[PDB]
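A look at the structure
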Amino acid sequence: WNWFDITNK
Amino acid sequence: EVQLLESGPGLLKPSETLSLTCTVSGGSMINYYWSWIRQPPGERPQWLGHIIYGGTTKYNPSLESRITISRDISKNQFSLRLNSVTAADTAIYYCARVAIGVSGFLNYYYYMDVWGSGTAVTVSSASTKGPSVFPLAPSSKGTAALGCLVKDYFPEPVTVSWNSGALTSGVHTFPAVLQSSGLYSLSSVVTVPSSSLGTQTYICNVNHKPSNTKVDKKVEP
Amino acid sequence: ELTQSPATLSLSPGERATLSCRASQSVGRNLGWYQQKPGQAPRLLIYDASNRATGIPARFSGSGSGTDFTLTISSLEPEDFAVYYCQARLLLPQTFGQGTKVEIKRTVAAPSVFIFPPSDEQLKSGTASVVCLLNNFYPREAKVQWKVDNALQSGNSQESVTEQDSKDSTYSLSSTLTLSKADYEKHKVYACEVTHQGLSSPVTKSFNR
């Protein structure tokens, strides 16, 4: 989650 | 205890640029996301956007054009910039910690688990001005009501006390309303024994800090 | 989006409060409840449907999954009278629901009504504000109307309502009618007319300029 947005699809 | 504190100027005119900073204390920035939220008077909170430890951002599509969020890990801070403000950007702005994590296969959880204190932002063409304070005199006709009208000030807030704060019982100080003029107005009233109106002094103490104005008004029949 | 119902719950300290939140599309167990006390930031209350946030009193619980969620307060305390919001993931445009306000229920109390003429001080400055006060009433719904030499007014007044009083759980409301000194000087009788559940019929307070 720290480098790539976990709230994208 | 992790603590967030918003900082930055809150009084803007339309077309200007809002610039706020959140400082995080008592905890690390890694493994959480970092959000700006705002809440206009009498409305629910509105999520503005967030930034992740890595620097990637995500914004509310209704602000996309005008918003930027940034973060400085070395300084334990993250910031909001909102361009081209209007009166509609008036609100209490909060920075908040977001607890995030995996929930299902391609699902997540997102909870704003630590909130800062909030900072009141006003956007208006109006110019700062201290109030005029008029008596609401007790009627000449058991219990009587009297008060002070605190009129034509900008921006919020003012404070009102009665008799240096010694009189609190039966006091009601109303929320300010924004007038068509762009200045605020409010009233403060108290109910008291009719019998006292001859002997007892009633004085409202009004303070408006944005104008360094401090007024005492004696209210008499 | 999220739908909260009802908008207001009116209950006594001691009773059980049940709050609903329905999501339009499923969100698993990933819904949160937040509490907001007046002039304070919201705070996390329940997360993942049923998990008390750190520090939250055991009287607070949460249930549901997918579509239908409930926040229960087993036995209300004075400090729990507040607004409660739900929120699931990062749904937009509205990440939060509209909120449910939990108000203290009390016995009906009619407004005590007072009218105040403008002061000579303000008139000197060229403006007249006429104030009508509806004091200490419950429930909050109240109607106020201005009449000037018997003509019904509209558009030249503004009202404001207090939050529930900490001791007596009533509300109070001010209505302020504003007009120019010249306008004020061309009429004689200023009156406000108040309607409320607790008034058998409407009450009028008035003065003659």
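Describing the overall build of chain C
From N to C terminus, chain C includes 2 helices and 18 strands. If you line up chain C on its principal axes, its C-alpha atoms span 65 × 35 × 30 Å. Counted over contacts in chain C with a minimum sequence separation of 6, partners at least 24 positions apart contribute 57%.

Concerning the sheet that holds strand β4 (residues 31-36) of chain C
Residues and elements named next belong to chain C. Spatially, β2-β10-β9-β4-β5-β6 is the arrangement adopted by the 6 strands of the open sheet, whose pairing is mixed. At either margin of the open sheet sits one strand with a lone partner, and together these are β2 (8-11) and β6 (51-52). Bridge count for strand β5 (residues 43-47) against β6 is 2 bridges, and the pairing is antiparallel. Residue pairing in the sheet places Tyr47 in a bridge with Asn51 of β6.

Some thoughts on the pairing of β5 of chain C
In the case of a regular strand, side chains alternate between the two sheet surfaces. Bridge analysis of β4 of chain C against β5 of chain C gives 3 bridges, and the strand direction is antiparallel. Among the inter-strand pairings, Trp33 of chain C is bridged to a residue of β5 of chain C, identified as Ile46 of chain C.

Considerations on the interface of chain B and chain C
Each side of the interface is counted separately: chain B has 41 residues, and chain C has 43 residues. Broken down by secondary-structure element, the contributors of at least two residues to the side of chain B that touches chain C are β5 (46-51), β10 (108-115), β12 (132-136), β13 (143-153), β15 (171-173), β16 (177-178) and β17 (184-193) of chain B. No other element matches β10 of chain B, which puts 7 residues into the side of chain B that touches chain C. When its residues are assigned to classes, the side of chain B that touches chain C shows 23 nonpolar, 12 polar and 6 charged.

A short note on the environment of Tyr93 of chain B
Residue and element names in this part refer to chain B. Its place among the elements puts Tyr93 in strand β9 (residues 91-102). Since its relative accessible area comes to 0%, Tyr93 is described here as buried. Put simply, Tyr93 and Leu20 are 73 residues apart on the chain and 8.9 Å apart in space, counted from C-alpha to C-alpha. Look past the residues within four positions of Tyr93 in its chain and what remains in contact with it is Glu6, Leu18, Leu20, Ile37, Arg38, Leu48, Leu80, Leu82, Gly118, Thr119 and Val121. There is a polar contact of 2.9 Å between the side chain of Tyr93 and the side chain of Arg38.

Some words on the environment of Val131 of chain C
The topology assignment puts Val131 of chain C in strand β12 (residues 127-137). Exposure remark for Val131 of chain C: the relative accessible area of 1% places this residue in the buried category. Filtering out sequence-adjacent residues up to four positions away, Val131 of chain C remains in contact with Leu136 and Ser187 of chain B together with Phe114, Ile115, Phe116, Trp146, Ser175 and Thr176 of chain C.

Observations regarding the sheet that holds strand β15 (residues 157-161) of chain C
Residues and elements named next belong to chain C. Spatially, the 4 strands line up as an open sheet ordered β11-β12-β16-β15, and their pairing is antiparallel. If you trace the sheet from one side to the other, it starts and ends with β11 (112-116) and β15, each paired once. Recorded for the sheet is a direction-independent mean angle of 15° between the axes of neighbouring strands. Where β12 meets strand β16 (residues 171-180), 9 bridges bridge the pair, whose relative direction is antiparallel. The residue bridging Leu134 from the neighbouring strand is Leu173, located in β16.

Remarks on the nonpolar core
Counting 47 residues, the largest nonpolar core has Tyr110, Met112 and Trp115 of chain B together with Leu31, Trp33 and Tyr84 of chain C as the members making the most contacts within it. When sequence neighbours within four positions are dropped, the list of residues in contact with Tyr84 of chain C reads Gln4, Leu19, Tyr34, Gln35, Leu45, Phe60, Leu71, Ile73, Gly99, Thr100 and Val102 of chain C. Counting 25 residues, the second-largest nonpolar core is a separate cluster that includes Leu4, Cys22, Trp34 and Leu82 of chain B.

Thoughts on the domain arrangement of chain B
Residues and elements named next belong to chain B. Each domain of chain B was delimited in the assignment, giving domain 1 (1-125) and domain 2 (126-219). When each unit is reduced to the centre of its C-alpha atoms, the spacing between domain 1 and domain 2 is 36 Å. A combined buried area of about 370 Å² lies between domain 1 and domain 2, and 52% of that area is made up of carbon and sulfur atoms. Connecting domain 1 to domain 2 are 0 salt bridges. Residue composition of the side of domain 1 that touches domain 2, grouped by class: 1 nonpolar, 3 polar and no charged.

Thoughts on the pattern of salt bridges
Residue and element names in this part refer to chain B. Taken as a whole, this structure holds 11 salt bridges over all chains when the rule is applied. Linking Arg38 and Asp89 is a salt bridge whose minimum nitrogen-to-oxygen distance equals 2.9 Å. Linking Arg38 in strand β4 (residues 33-39) with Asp89 in the loop between β8 (77-82) and β9, this pair joins segments that are 51 residues apart in sequence. Both residues of the pair, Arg38 and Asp89, count as buried. Within the structure, one salt-bridge network assembled from shared partners comprises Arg38, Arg66 and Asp89.

Looking at the packing of aromatic side chains
Each aromatic ring pair is summarised here by two numbers: the centre-to-centre distance and the angle between the ring planes. All names here are of chain B. Summed over the entire model, instances satisfying the criterion amount to 16 aromatic pairs over all chains. Residues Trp36 and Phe78 carry aromatic rings whose centres are separated by 5.5 Å and whose planes lie at 50° to one another, so their mutual orientation is tilted. With a gap of 42 residues between them, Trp36 in strand β4 and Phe78 in strand β8 connect regions that are remote in the sequence. Take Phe78: its relative accessible area is 0%, and that puts it in the buried class.

So, the state of the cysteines
All names here are of chain B. Enumeration over the complete set of coordinates arrives at 4 disulfides over all chains. Between the sulfur atoms of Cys22 and its disulfide partner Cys95 the distance amounts to 2.1 Å. Every disulfide takes its handedness from the sign of the S-S torsion; for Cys22 and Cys95 that torsion is 60°, giving right-handed. Placement of the pair is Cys22 in strand β3 (residues 18-25) and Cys95 in strand β9, with a sequence separation of 73 residues. Both residues of the pair, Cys22 and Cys95, belong to the buried class. Here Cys148 connects covalently by a disulfide to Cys204, the sulfurs 2.1 Å from one another.

Conventions we followed
Residues numbered from 1 in each chain as written, not as in the entry; some residues may be left out. Chains lettered and ligands numbered in written order. Heavy atoms only, no water. Residues with missing side-chain atoms left out of burial classes, pairs and counts. Helix = DSSP H or I, 4+ residues; strand = E, 2+ residues; numbered from the N terminus. Contact = heavy atoms within 4.5 Å. Pairing = 2+ DSSP bridges. Nonpolar A, V, L, I, M, F, W, Y, C, P; charged D, E, K, R; others polar. Buried < 20%, exposed > 50% of the residue type's maximum accessible area, 1.4 Å probe, protein only. Polar contact = N/O pair within 3.5 Å; in protein donor to acceptor, adjacent residues only side chain to side chain. Axes fitted to C-alpha atoms, helices over the stretch in contact; angles between N-to-C directions. Core = buried A, V, L, I, M, F, W, Y, C linked by side-chain atoms within 4.5 Å. Domains from an automatic or database assignment. Buried area = accessible area lost by both parts, 1.4 Å probe. Salt bridge = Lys/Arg side-chain N within 4 Å of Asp/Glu carboxyl O. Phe/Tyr/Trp six-rings, centres within 6.5 Å; stacked < 30°, edge-to-face > 60°. Disulfide = S-S within 2.5 Å.

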